[PDB]
Amino acid sequence: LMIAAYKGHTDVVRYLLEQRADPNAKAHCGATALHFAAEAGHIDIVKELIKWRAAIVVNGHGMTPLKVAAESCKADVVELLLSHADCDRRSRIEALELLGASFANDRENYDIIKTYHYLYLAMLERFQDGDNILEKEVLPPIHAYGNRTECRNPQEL
Amino acid sequence: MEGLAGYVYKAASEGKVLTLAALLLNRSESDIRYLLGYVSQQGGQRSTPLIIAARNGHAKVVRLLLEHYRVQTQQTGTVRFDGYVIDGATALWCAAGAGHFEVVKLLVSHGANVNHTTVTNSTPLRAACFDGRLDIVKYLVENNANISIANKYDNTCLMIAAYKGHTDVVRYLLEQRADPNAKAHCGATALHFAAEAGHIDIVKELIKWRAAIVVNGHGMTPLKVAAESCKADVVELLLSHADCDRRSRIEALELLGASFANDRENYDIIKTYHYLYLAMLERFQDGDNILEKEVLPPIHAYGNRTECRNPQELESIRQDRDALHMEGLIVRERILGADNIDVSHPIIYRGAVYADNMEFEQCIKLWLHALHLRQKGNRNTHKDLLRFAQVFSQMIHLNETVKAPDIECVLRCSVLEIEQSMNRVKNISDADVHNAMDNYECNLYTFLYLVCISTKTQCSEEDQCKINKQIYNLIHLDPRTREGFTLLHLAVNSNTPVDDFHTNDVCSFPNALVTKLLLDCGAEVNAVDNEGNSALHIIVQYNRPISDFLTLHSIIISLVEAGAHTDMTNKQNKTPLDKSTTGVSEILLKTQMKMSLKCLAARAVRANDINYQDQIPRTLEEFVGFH
Amino acid sequence: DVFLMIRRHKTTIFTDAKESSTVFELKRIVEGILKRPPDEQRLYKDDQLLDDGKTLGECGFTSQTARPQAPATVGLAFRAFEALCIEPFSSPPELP
Amino acid sequence: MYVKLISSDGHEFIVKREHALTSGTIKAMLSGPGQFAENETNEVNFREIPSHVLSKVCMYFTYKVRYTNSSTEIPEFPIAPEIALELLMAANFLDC
């Protein structure tokens, strides 16, 4: 199922999954075929896996499949994994922020306007209520990335 | 009962006599006559149960029906399922069109309907000529039926026999001294249809009857029609009518060669030069009373050619395929004028051939001139604007530069086509209003695609200014679709039907650049559809906000900045914030929601159901109608 | 960052006071416009004199209690002190 | 720095200049011969708006001064059904 999901073989994955295939089988790196499918970015395969309830679990590197999709600069699978009714606001916000981060530094998918817009979407969803707010766990500044201290306000963004 | 009517329909469908007897007996007199005198709606089209006996050739089940009952053939039914499915025809009409002579003779002997007159006054002989059975045609005349019945557009039975390949029907019709010069709606006297399908024997049959030659309304001789149809077999046949002169003799070869230059089925470049050289040599063959080719003014469409007034210049372009096709277009336009129906079809074919060969500028020029000719001729050019949309889609997709005056010309032509489409919609009541609305929505979509192409085309300041002026004019006309969608609604709705060609690769709806362009040109940002949904009500209804957040953010920013009320209300009483259906569009709408005390007070008035009639300003009455 | 209202018999003042601020600042900013000295003016809120330099809890209004839509109804007492005759606003006509 | 709005019944309402400048008609009334730049009142003599409607309008002025770009979710502004249909006419007339 995973090796069929890595390429454009959604018919094979389908014919597997309506024959009682594996819904929650891990791998060497802990990929439950969703980390291994979101890297490919085939939206129909992720649709089939969500319809068959492939569930969400972190892999061996501690990455949810939503974060794997966000790392690969693929917005469609990010949206589809976001529409899951159990991701919660914290993971939704950090996934959008990671997608905007990945759009900033990538060879094939490089859009700085998309980077700013996704960062703005992540920040607006953070600072939308004023109650039960989700403040950023801002790391100390690193000399390699200049001396910036993230963006804890929409004004600096 | 409707259930009992369907029972005898299946029995007559299989052609069983004993099964029909048990299903049409042991009952009263009122219901039995109703079953034999009512049609059954099967497959979306109604049909008499006696039709399916004649359609399937079940003469046994219908012959004994006339023995045991007094059923008539005057039942109203359709004509055929070949793209017509129009009712009004009698039951005897389909008997001739089903190719069964055994069922025609039994209905004639019991209540003949050979003189049936429907809304199109179509006799059963018309279906007999279409089917092409000589026994049905011969027997129908013997039943005292007139053969010179003309429809609303003068559909003589000889015309349909001449147009079709049934050469046996047409030769029998002329044996009873029929009228050869039957004037039609378009002025075709049963010879232009004959010399259109390449029937070598049918046209020769009317030569004996001496149908003569008459110029129709479009200024085309029957000889010219044969030359236009790339049918060289009947071109030489009409030359032996002993009345051809020299004006229509050489130009027949010019038209035949020009038609052979640009045709889908019959494309021969070797015959193109041969017919053009033969016509050229015939003009210059004596030295006295010479008939030189009349010189049209130079046309920017066909390159920079000025026809061929000498045989020497035609020889120099014999091996050049591109020059021969362009040369033939000028003489074909010269002979046929700019009022022919198919004067642009060779132009369209040449444009398609050039577009398939990675050439686009010649296609743009030829299609622009053809579009001008067709629009000046009061023709439906929505398909031409569609073809413009796909050709600009290939121009954009293949990273080719798009000319700005050309896109401005096609944009203003599309605006004009919207104007006459609205004129046809507001004039025709119910004759063709459905097709008019369909083509009107189609050319509105083509205008949307052209606007998308213009946004995706880098042009000069003046070209963009005049494009914006044209879009300003069209939006000030404010065309509305069936459900009330304006230009802003269609440029925002994701359910906008994009064409099934490479325009889908280029033009994707919703488009941020198109919506920004429409607002800058000036559009009714608060315009509503039939449901009352505004432009903002549809961008918040977008189903994939994260995937193209660059587009959804730009449209919402443009809409609210342009002056869209972010508190509006459709006929279902739902705000655009209440139609957000996502966690993203609500956030983008709420961060752009400017507050107004006029909005809050009117919202509280609507919520509390306070009677606001004649208590507030009339301008405020519209304001509270949705706030 | 709470906005307060001071009501006389006819006039009505809308002012602002910080959460981490005392009555001294609001008294100064109402003195600067009404040209009345702080000893003459008294904040007779809820028919009770409150303080001159104490916090707002004994005054009786907080940020959450005094909303912009429904601010406080703090009265004003002036030395001629005086009598309270604050009339209500005009009632709406033709109650539905 | 202060506006001296009055109603049709004479009930004066005093708000800040920046509070009342949110309305368009208020800015229109102040600019012109109705300036009276004595830096004391800059009063406005409304002829039709009742006292309670102007009280709600000044409440909305303070409400908009508070929440003009503060986050996305804004606290609600409750409007009485009886004071409605008169607040709407005032807001149309005040271009608020």
# chains A, B, ... in the order shown; residues from 1 in each chain; ligands from 1

call {"tool": "residues_around", "arguments": {"residues": "residue 15 of chain D", "least_positions_apart": "2", "cutoff": "9 Å", "atoms": "only C-alpha atoms", "output": "MDAnalysis selection string"}}
result
(chainID C and resid 12:15) or (chainID D and resid 1:5 13 17:20 58 61:62)

call {"tool": "write_last_selection", "arguments": {"atoms": "N, CA, C and O atoms", "output": "PDB file, in the first residue's frame"}}
result
ATOM      1  N   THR C  12     -23.418  65.217  30.022  1.00  0.00           N
ATOM      2  CA  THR C  12     -22.902  63.869  30.216  1.00  0.00           C
ATOM      3  C   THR C  12     -21.505  63.792  29.620  1.00  0.00           C
ATOM      4  O   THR C  12     -21.313  64.134  28.450  1.00  0.00           O
ATOM      5  N   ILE C  13     -20.542  63.337  30.416  1.00  0.00           N
ATOM      6  CA  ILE C  13     -19.135  63.304  30.033  1.00  0.00           C
ATOM      7  C   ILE C  13     -18.710  61.855  29.848  1.00  0.00           C
ATOM      8  O   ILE C  13     -19.064  60.987  30.654  1.00  0.00           O
ATOM      9  N   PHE C  14     -17.954  61.595  28.786  1.00  0.00           N
ATOM     10  CA  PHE C  14     -17.344  60.293  28.545  1.00  0.00           C
ATOM     11  C   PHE C  14     -15.832  60.451  28.630  1.00  0.00           C
ATOM     12  O   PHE C  14     -15.247  61.241  27.882  1.00  0.00           O
ATOM     13  N   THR C  15     -15.203  59.705  29.536  1.00  0.00           N
ATOM     14  CA  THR C  15     -13.771  59.821  29.786  1.00  0.00           C
ATOM     15  C   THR C  15     -13.140  58.434  29.775  1.00  0.00           C
ATOM     16  O   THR C  15     -13.826  57.418  29.647  1.00  0.00           O
TER      17      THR C  15
ATOM     18  N   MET D   1     -10.922  69.722  21.839  1.00  0.00           N
ATOM     19  CA  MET D   1     -10.675  68.338  22.223  1.00  0.00           C
ATOM     20  C   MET D   1     -11.928  67.703  22.816  1.00  0.00           C
ATOM     21  O   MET D   1     -11.886  66.584  23.325  1.00  0.00           O
ATOM     22  N   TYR D   2     -13.044  68.425  22.747  1.00  0.00           N
ATOM     23  CA  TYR D   2     -14.309  67.925  23.262  1.00  0.00           C
ATOM     24  C   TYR D   2     -15.450  68.498  22.434  1.00  0.00           C
ATOM     25  O   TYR D   2     -15.392  69.650  21.996  1.00  0.00           O
ATOM     26  N   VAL D   3     -16.481  67.684  22.226  1.00  0.00           N
ATOM     27  CA  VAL D   3     -17.665  68.064  21.469  1.00  0.00           C
ATOM     28  C   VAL D   3     -18.840  68.105  22.437  1.00  0.00           C
ATOM     29  O   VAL D   3     -18.892  67.339  23.403  1.00  0.00           O
ATOM     30  N   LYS D   4     -19.786  69.009  22.180  1.00  0.00           N
ATOM     31  CA  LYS D   4     -20.870  69.284  23.116  1.00  0.00           C
ATOM     32  C   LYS D   4     -22.229  68.959  22.507  1.00  0.00           C
ATOM     33  O   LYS D   4     -23.119  69.817  22.480  1.00  0.00           O
ATOM     34  N   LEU D   5     -22.366  67.742  21.980  1.00  0.00           N
ATOM     35  CA  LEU D   5     -23.588  67.301  21.314  1.00  0.00           C
ATOM     36  C   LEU D   5     -24.813  67.485  22.205  1.00  0.00           C
ATOM     37  O   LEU D   5     -24.779  67.195  23.403  1.00  0.00           O
ATOM     38  N   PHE D  13     -24.790  65.999  25.524  1.00  0.00           N
ATOM     39  CA  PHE D  13     -23.885  64.859  25.604  1.00  0.00           C
ATOM     40  C   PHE D  13     -22.509  65.323  25.164  1.00  0.00           C
ATOM     41  O   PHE D  13     -22.351  65.833  24.050  1.00  0.00           O
ATOM     42  N   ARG D  17     -13.348  64.783  20.946  1.00  0.00           N
ATOM     43  CA  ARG D  17     -13.353  65.176  19.540  1.00  0.00           C
ATOM     44  C   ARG D  17     -13.049  63.989  18.638  1.00  0.00           C
ATOM     45  O   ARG D  17     -13.727  63.769  17.628  1.00  0.00           O
ATOM     46  N   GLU D  18     -12.037  63.197  18.999  1.00  0.00           N
ATOM     47  CA  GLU D  18     -11.719  61.998  18.236  1.00  0.00           C
ATOM     48  C   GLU D  18     -12.801  60.935  18.362  1.00  0.00           C
ATOM     49  O   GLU D  18     -12.934  60.094  17.467  1.00  0.00           O
ATOM     50  N   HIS D  19     -13.568  60.950  19.454  1.00  0.00           N
ATOM     51  CA  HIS D  19     -14.688  60.025  19.585  1.00  0.00           C
ATOM     52  C   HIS D  19     -15.803  60.368  18.606  1.00  0.00           C
ATOM     53  O   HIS D  19     -16.380  59.475  17.975  1.00  0.00           O
ATOM     54  N   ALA D  20     -16.122  61.655  18.468  1.00  0.00           N
ATOM     55  CA  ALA D  20     -17.204  62.073  17.589  1.00  0.00           C
ATOM     56  C   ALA D  20     -16.774  62.201  16.135  1.00  0.00           C
ATOM     57  O   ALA D  20     -17.638  62.253  15.254  1.00  0.00           O
ATOM     58  N   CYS D  58     -23.453  58.026  21.164  1.00  0.00           N
ATOM     59  CA  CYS D  58     -22.207  58.276  21.883  1.00  0.00           C
ATOM     60  C   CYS D  58     -21.624  56.990  22.458  1.00  0.00           C
ATOM     61  O   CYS D  58     -20.394  56.824  22.497  1.00  0.00           O
ATOM     62  N   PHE D  61     -19.889  55.508  19.691  1.00  0.00           N
ATOM     63  CA  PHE D  61     -18.641  56.228  19.453  1.00  0.00           C
ATOM     64  C   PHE D  61     -17.535  55.706  20.361  1.00  0.00           C
ATOM     65  O   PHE D  61     -16.422  55.415  19.904  1.00  0.00           O
ATOM     66  N   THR D  62     -17.839  55.558  21.653  1.00  0.00           N
ATOM     67  CA  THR D  62     -16.867  54.984  22.581  1.00  0.00           C
ATOM     68  C   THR D  62     -16.544  53.537  22.219  1.00  0.00           C
ATOM     69  O   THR D  62     -15.391  53.101  22.326  1.00  0.00           O
TER      70      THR D  62
END

call {"tool": "interface_residues", "arguments": {"of": "chain B", "to": "chain D", "cutoff": "9 Å", "atoms": "only C-alpha atoms", "output": "PyMOL selection string"}}
result
chain B and resi 587+590-602+604-605+607-612+615-617+620+624

call {"tool": "write_last_selection", "arguments": {"atoms": "N, CA and C atoms", "output": "PDB file, in the first residue's frame"}}
result
ATOM      1  N   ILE B 587     -12.009  33.950   9.039  1.00  0.00           N
ATOM      2  CA  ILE B 587     -10.924  34.742   9.611  1.00  0.00           C
ATOM      3  C   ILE B 587     -10.580  35.918   8.704  1.00  0.00           C
ATOM      4  N   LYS B 590     -13.533  38.433   8.829  1.00  0.00           N
ATOM      5  CA  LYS B 590     -13.693  39.131  10.100  1.00  0.00           C
ATOM      6  C   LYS B 590     -12.605  40.175  10.316  1.00  0.00           C
ATOM      7  N   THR B 591     -11.387  39.918   9.835  1.00  0.00           N
ATOM      8  CA  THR B 591     -10.318  40.899   9.962  1.00  0.00           C
ATOM      9  C   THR B 591     -10.472  42.068   8.999  1.00  0.00           C
ATOM     10  N   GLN B 592     -11.383  41.975   8.033  1.00  0.00           N
ATOM     11  CA  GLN B 592     -11.675  43.068   7.116  1.00  0.00           C
ATOM     12  C   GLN B 592     -13.068  43.646   7.331  1.00  0.00           C
ATOM     13  N   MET B 593     -13.768  43.216   8.377  1.00  0.00           N
ATOM     14  CA  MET B 593     -15.121  43.688   8.660  1.00  0.00           C
ATOM     15  C   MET B 593     -15.039  45.049   9.337  1.00  0.00           C
ATOM     16  N   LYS B 594     -15.265  46.110   8.569  1.00  0.00           N
ATOM     17  CA  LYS B 594     -15.367  47.442   9.147  1.00  0.00           C
ATOM     18  C   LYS B 594     -16.720  47.606   9.827  1.00  0.00           C
ATOM     19  N   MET B 595     -16.717  48.272  10.976  1.00  0.00           N
ATOM     20  CA  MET B 595     -17.924  48.418  11.778  1.00  0.00           C
ATOM     21  C   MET B 595     -18.693  49.665  11.367  1.00  0.00           C
ATOM     22  N   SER B 596     -20.018  49.557  11.379  1.00  0.00           N
ATOM     23  CA  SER B 596     -20.884  50.687  11.076  1.00  0.00           C
ATOM     24  C   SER B 596     -22.114  50.606  11.964  1.00  0.00           C
ATOM     25  N   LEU B 597     -22.471  51.731  12.588  1.00  0.00           N
ATOM     26  CA  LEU B 597     -23.678  51.772  13.407  1.00  0.00           C
ATOM     27  C   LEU B 597     -24.929  51.571  12.563  1.00  0.00           C
ATOM     28  N   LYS B 598     -24.884  51.976  11.292  1.00  0.00           N
ATOM     29  CA  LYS B 598     -25.993  51.707  10.387  1.00  0.00           C
ATOM     30  C   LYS B 598     -26.166  50.213  10.151  1.00  0.00           C
ATOM     31  N   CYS B 599     -25.067  49.455  10.168  1.00  0.00           N
ATOM     32  CA  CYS B 599     -25.165  48.009   9.999  1.00  0.00           C
ATOM     33  C   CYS B 599     -25.739  47.338  11.240  1.00  0.00           C
ATOM     34  N   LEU B 600     -25.262  47.728  12.426  1.00  0.00           N
ATOM     35  CA  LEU B 600     -25.718  47.090  13.660  1.00  0.00           C
ATOM     36  C   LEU B 600     -27.187  47.385  13.934  1.00  0.00           C
ATOM     37  N   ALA B 601     -27.608  48.635  13.731  1.00  0.00           N
ATOM     38  CA  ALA B 601     -28.999  48.999  13.977  1.00  0.00           C
ATOM     39  C   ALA B 601     -29.940  48.290  13.011  1.00  0.00           C
ATOM     40  N   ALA B 602     -29.567  48.212  11.732  1.00  0.00           N
ATOM     41  CA  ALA B 602     -30.408  47.519  10.763  1.00  0.00           C
ATOM     42  C   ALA B 602     -30.430  46.017  11.021  1.00  0.00           C
ATOM     43  N   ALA B 604     -30.184  44.657  14.013  1.00  0.00           N
ATOM     44  CA  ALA B 604     -31.088  44.503  15.147  1.00  0.00           C
ATOM     45  C   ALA B 604     -32.544  44.694  14.739  1.00  0.00           C
ATOM     46  N   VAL B 605     -32.804  45.567  13.764  1.00  0.00           N
ATOM     47  CA  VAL B 605     -34.161  45.740  13.252  1.00  0.00           C
ATOM     48  C   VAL B 605     -34.636  44.462  12.569  1.00  0.00           C
ATOM     49  N   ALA B 607     -33.450  41.400  13.039  1.00  0.00           N
ATOM     50  CA  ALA B 607     -33.540  40.311  14.006  1.00  0.00           C
ATOM     51  C   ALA B 607     -34.809  40.408  14.844  1.00  0.00           C
ATOM     52  N   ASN B 608     -35.192  41.620  15.241  1.00  0.00           N
ATOM     53  CA  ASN B 608     -36.355  41.810  16.098  1.00  0.00           C
ATOM     54  C   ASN B 608     -37.664  41.887  15.324  1.00  0.00           C
ATOM     55  N   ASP B 609     -37.611  41.804  13.990  1.00  0.00           N
ATOM     56  CA  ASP B 609     -38.797  41.810  13.123  1.00  0.00           C
ATOM     57  C   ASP B 609     -39.647  43.062  13.327  1.00  0.00           C
ATOM     58  N   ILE B 610     -38.986  44.202  13.498  1.00  0.00           N
ATOM     59  CA  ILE B 610     -39.683  45.473  13.663  1.00  0.00           C
ATOM     60  C   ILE B 610     -40.184  45.943  12.305  1.00  0.00           C
ATOM     61  N   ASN B 611     -41.443  46.373  12.257  1.00  0.00           N
ATOM     62  CA  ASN B 611     -42.045  46.858  11.019  1.00  0.00           C
ATOM     63  C   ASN B 611     -41.397  48.178  10.625  1.00  0.00           C
ATOM     64  N   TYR B 612     -40.568  48.148   9.583  1.00  0.00           N
ATOM     65  CA  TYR B 612     -39.846  49.323   9.120  1.00  0.00           C
ATOM     66  C   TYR B 612     -40.491  49.972   7.903  1.00  0.00           C
ATOM     67  N   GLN B 615     -41.436  54.066   7.754  1.00  0.00           N
ATOM     68  CA  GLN B 615     -40.906  54.694   8.954  1.00  0.00           C
ATOM     69  C   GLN B 615     -39.480  55.187   8.768  1.00  0.00           C
ATOM     70  N   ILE B 616     -38.857  54.871   7.637  1.00  0.00           N
ATOM     71  CA  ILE B 616     -37.451  55.174   7.371  1.00  0.00           C
ATOM     72  C   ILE B 616     -37.324  55.684   5.944  1.00  0.00           C
ATOM     73  N   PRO B 617     -36.205  56.345   5.618  1.00  0.00           N
ATOM     74  CA  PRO B 617     -35.996  56.792   4.235  1.00  0.00           C
ATOM     75  C   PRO B 617     -36.026  55.639   3.242  1.00  0.00           C
ATOM     76  N   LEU B 620     -32.825  54.121   2.818  1.00  0.00           N
ATOM     77  CA  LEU B 620     -32.592  53.258   3.968  1.00  0.00           C
ATOM     78  C   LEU B 620     -33.458  52.007   3.940  1.00  0.00           C
ATOM     79  N   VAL B 624     -31.857  48.450   4.882  1.00  0.00           N
ATOM     80  CA  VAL B 624     -32.313  47.509   5.898  1.00  0.00           C
ATOM     81  C   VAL B 624     -32.823  46.220   5.272  1.00  0.00           C
TER      82      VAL B 624
END

call {"tool": "select_by_dssp", "arguments": {"residues": "segment 335-540 of chain B", "states": "alpha helix (DSSP H)", "output": "PyMOL selection string"}}
result
chain B and resi 335-336+345-355+361-376+382-397+404-427+433-455+461-477+487-492+503-506+512-521+536-539

call {"tool": "write_last_selection", "arguments": {"atoms": "C-alpha atoms", "output": "CSV table (one decimal), in the first residue's frame"}}
result
chain,number,residue,atom,x,y,z
B,335,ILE,CA,-16.3,35.2,-55.8
B,336,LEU,CA,-18.6,34.5,-52.8
B,345,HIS,CA,-15.3,27.7,-42.8
B,346,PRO,CA,-12.2,27.3,-45.0
B,347,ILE,CA,-10.7,30.2,-43.0
B,348,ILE,CA,-11.5,28.3,-39.8
B,349,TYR,CA,-10.0,25.1,-41.2
B,350,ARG,CA,-6.8,27.0,-42.3
B,351,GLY,CA,-6.5,28.6,-38.9
B,352,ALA,CA,-6.9,25.2,-37.2
B,353,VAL,CA,-4.2,23.7,-39.5
B,354,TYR,CA,-1.8,26.6,-38.8
B,355,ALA,CA,-2.5,26.4,-35.1
B,361,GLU,CA,-0.3,35.0,-35.6
B,362,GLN,CA,-1.8,34.0,-39.0
B,363,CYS,CA,-4.6,32.2,-37.1
B,364,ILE,CA,-5.3,35.4,-35.1
B,365,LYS,CA,-5.5,37.5,-38.2
B,366,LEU,CA,-7.6,35.1,-40.2
B,367,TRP,CA,-10.0,34.5,-37.3
B,368,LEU,CA,-10.3,38.2,-36.5
B,369,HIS,CA,-11.3,39.0,-40.1
B,370,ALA,CA,-13.7,36.0,-40.2
B,371,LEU,CA,-15.2,37.2,-36.9
B,372,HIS,CA,-15.6,40.7,-38.3
B,373,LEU,CA,-17.3,39.3,-41.4
B,374,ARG,CA,-19.6,37.0,-39.4
B,375,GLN,CA,-20.5,39.8,-36.9
B,376,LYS,CA,-21.3,42.1,-39.8
B,382,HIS,CA,-20.1,32.8,-29.9
B,383,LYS,CA,-18.3,29.7,-31.2
B,384,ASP,CA,-15.7,32.0,-32.9
B,385,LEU,CA,-15.1,33.8,-29.6
B,386,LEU,CA,-14.8,30.4,-28.0
B,387,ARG,CA,-12.2,29.4,-30.6
B,388,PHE,CA,-10.4,32.7,-29.9
B,389,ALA,CA,-10.4,31.7,-26.2
B,390,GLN,CA,-8.7,28.4,-26.9
B,391,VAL,CA,-6.2,29.8,-29.3
B,392,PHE,CA,-5.2,32.5,-26.8
B,393,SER,CA,-5.0,29.7,-24.2
B,394,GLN,CA,-2.5,27.8,-26.3
B,395,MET,CA,-0.6,31.1,-26.9
B,396,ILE,CA,-0.3,31.7,-23.2
B,397,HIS,CA,0.4,28.1,-22.3
B,404,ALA,CA,-2.5,43.5,-27.3
B,405,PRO,CA,-4.4,45.2,-30.2
B,406,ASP,CA,-5.6,41.7,-31.2
B,407,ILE,CA,-6.8,40.9,-27.8
B,408,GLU,CA,-8.5,44.3,-27.5
B,409,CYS,CA,-10.2,43.7,-30.9
B,410,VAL,CA,-11.5,40.3,-29.8
B,411,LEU,CA,-12.6,41.8,-26.4
B,412,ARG,CA,-14.6,44.6,-28.1
B,413,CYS,CA,-16.1,42.0,-30.5
B,414,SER,CA,-17.1,39.9,-27.5
B,415,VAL,CA,-18.7,42.9,-25.9
B,416,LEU,CA,-20.6,43.5,-29.1
B,417,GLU,CA,-21.6,39.9,-29.2
B,418,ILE,CA,-22.9,40.2,-25.6
B,419,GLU,CA,-24.9,43.2,-26.9
B,420,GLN,CA,-26.6,41.3,-29.7
B,421,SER,CA,-27.1,38.3,-27.5
B,422,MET,CA,-29.0,40.4,-25.0
B,423,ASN,CA,-30.9,41.9,-28.0
B,424,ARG,CA,-31.9,38.4,-29.2
B,425,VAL,CA,-32.9,37.4,-25.6
B,426,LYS,CA,-35.1,40.4,-25.1
B,427,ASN,CA,-36.7,40.1,-28.6
B,433,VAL,CA,-35.0,31.6,-26.1
B,434,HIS,CA,-33.4,28.5,-24.5
B,435,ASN,CA,-30.7,28.3,-27.2
B,436,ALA,CA,-30.2,32.0,-27.1
B,437,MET,CA,-29.7,31.9,-23.3
B,438,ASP,CA,-27.3,29.0,-23.7
B,439,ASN,CA,-25.2,30.8,-26.3
B,440,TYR,CA,-25.4,34.0,-24.3
B,441,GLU,CA,-24.0,32.2,-21.2
B,442,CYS,CA,-21.4,30.6,-23.5
B,443,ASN,CA,-20.1,33.9,-24.9
B,444,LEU,CA,-20.2,35.5,-21.5
B,445,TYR,CA,-17.9,32.7,-20.4
B,446,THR,CA,-15.7,33.4,-23.4
B,447,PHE,CA,-15.5,37.0,-22.4
B,448,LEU,CA,-14.4,35.9,-18.9
B,449,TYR,CA,-11.7,33.7,-20.5
B,450,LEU,CA,-10.5,36.6,-22.7
B,451,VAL,CA,-10.4,38.9,-19.6
B,452,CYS,CA,-8.3,36.2,-17.9
B,453,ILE,CA,-6.0,36.0,-20.9
B,454,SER,CA,-5.7,39.8,-20.8
B,455,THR,CA,-4.7,39.7,-17.2
B,461,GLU,CA,-0.4,51.2,-20.7
B,462,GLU,CA,-2.6,52.4,-23.5
B,463,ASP,CA,-3.6,48.9,-24.5
B,464,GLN,CA,-4.5,48.1,-20.9
B,465,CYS,CA,-6.4,51.4,-20.7
B,466,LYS,CA,-8.6,50.6,-23.8
B,467,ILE,CA,-9.1,47.0,-22.6
B,468,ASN,CA,-10.3,48.5,-19.2
B,469,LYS,CA,-12.5,50.9,-21.1
B,470,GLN,CA,-14.1,48.0,-23.0
B,471,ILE,CA,-14.6,46.0,-19.8
B,472,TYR,CA,-16.1,49.1,-18.2
B,473,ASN,CA,-18.6,49.4,-21.1
B,474,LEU,CA,-19.6,45.8,-20.9
B,475,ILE,CA,-20.0,45.8,-17.1
B,476,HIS,CA,-22.1,49.0,-17.4
B,477,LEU,CA,-24.3,47.0,-19.7
B,487,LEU,CA,-19.4,39.2,-14.2
B,488,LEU,CA,-18.1,39.5,-10.7
B,489,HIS,CA,-20.2,36.5,-9.6
B,490,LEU,CA,-18.8,34.3,-12.4
B,491,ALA,CA,-15.2,35.5,-11.9
B,492,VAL,CA,-15.5,34.5,-8.2
B,503,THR,CA,-8.4,27.0,-21.3
B,504,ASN,CA,-8.9,25.0,-18.1
B,505,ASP,CA,-5.1,24.9,-17.9
B,506,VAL,CA,-4.8,28.7,-18.2
B,512,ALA,CA,-7.6,37.0,-8.3
B,513,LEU,CA,-6.4,39.1,-11.3
B,514,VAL,CA,-9.8,39.0,-13.0
B,515,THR,CA,-11.8,40.1,-10.0
B,516,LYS,CA,-9.3,42.9,-9.2
B,517,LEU,CA,-9.5,44.0,-12.9
B,518,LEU,CA,-13.4,44.0,-12.8
B,519,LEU,CA,-13.5,46.2,-9.7
B,520,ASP,CA,-10.9,48.6,-11.1
B,521,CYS,CA,-12.9,48.9,-14.3
B,536,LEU,CA,-18.7,38.3,-1.3
B,537,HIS,CA,-21.2,35.5,-0.6
B,538,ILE,CA,-19.5,33.3,-3.2
B,539,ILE,CA,-15.8,33.8,-2.4

call {"tool": "residues_around", "arguments": {"residues": "segment 24-38 of chain C", "least_positions_apart": "4", "cutoff": "12 Å", "atoms": "only C-alpha atoms", "output": "MDAnalysis selection string"}}
result
(chainID C and resid 1:6 8 11:20 42:43 51:56 76:80) or (chainID D and resid 1:4 14:16 39:41)

call {"tool": "residues_around", "arguments": {"residues": "segment 318-332 of chain B", "least_positions_apart": "5", "cutoff": "10 Å", "atoms": "only C-alpha atoms", "output": "PyMOL selection string"}}
result
chain B and resi 228+251+254-262+269-270+272-274+276-277+293-296+298-299+301-308+313+337-338+343-344+346-347+350+354+366

call {"tool": "interface_residues", "arguments": {"of": "chain A", "to": "chain D", "cutoff": "8 Å", "atoms": "only C-alpha atoms", "output": "count of residues only"}}
result
4

call {"tool": "residues_around", "arguments": {"residues": "residue 98 of chain B", "least_positions_apart": "4", "cutoff": "7 Å", "atoms": "only C-alpha atoms", "output": "PyMOL selection string"}}
result
chain B and resi 54-55+94

call {"tool": "residues_around", "arguments": {"residues": "residue 47 of chain D", "least_positions_apart": "5", "cutoff": "12 Å", "atoms": "only C-alpha atoms", "output": "list in words"}}
result
residues 5, 6, 7, 8, 9, 10, 11, 54, 90 and 93 of chain D

call {"tool": "interface_residues", "arguments": {"of": "chain B", "to": "chain A", "cutoff": "12 Å", "atoms": "only C-alpha atoms", "output": "list in words"}}
result
residues 543, 544, 545, 546, 547, 548, 549, 550, 551, 552, 553, 554, 581, 582, 583, 584, 585, 586, 587, 588, 589, 590, 591 and 592 of chain B

call {"tool": "residues_around", "arguments": {"residues": "residue 105 of chain A", "least_positions_apart": "6", "cutoff": "10 Å", "atoms": "only C-alpha atoms", "output": "list in words"}}
result
residues 73, 111, 112 and 115 of chain A

call {"tool": "write_last_selection", "arguments": {"atoms": "C-alpha atoms", "output": "compact mmCIF listing (two decimals), in the first residue's frame"}}
result
# COMPACT_ATOMS: atom_id res chain seq x y z
CA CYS A 73 5.44 22.61 0.10
CA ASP A 111 6.90 31.78 -3.42
CA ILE A 112 7.70 34.52 -0.92
CA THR A 115 5.18 32.54 2.52
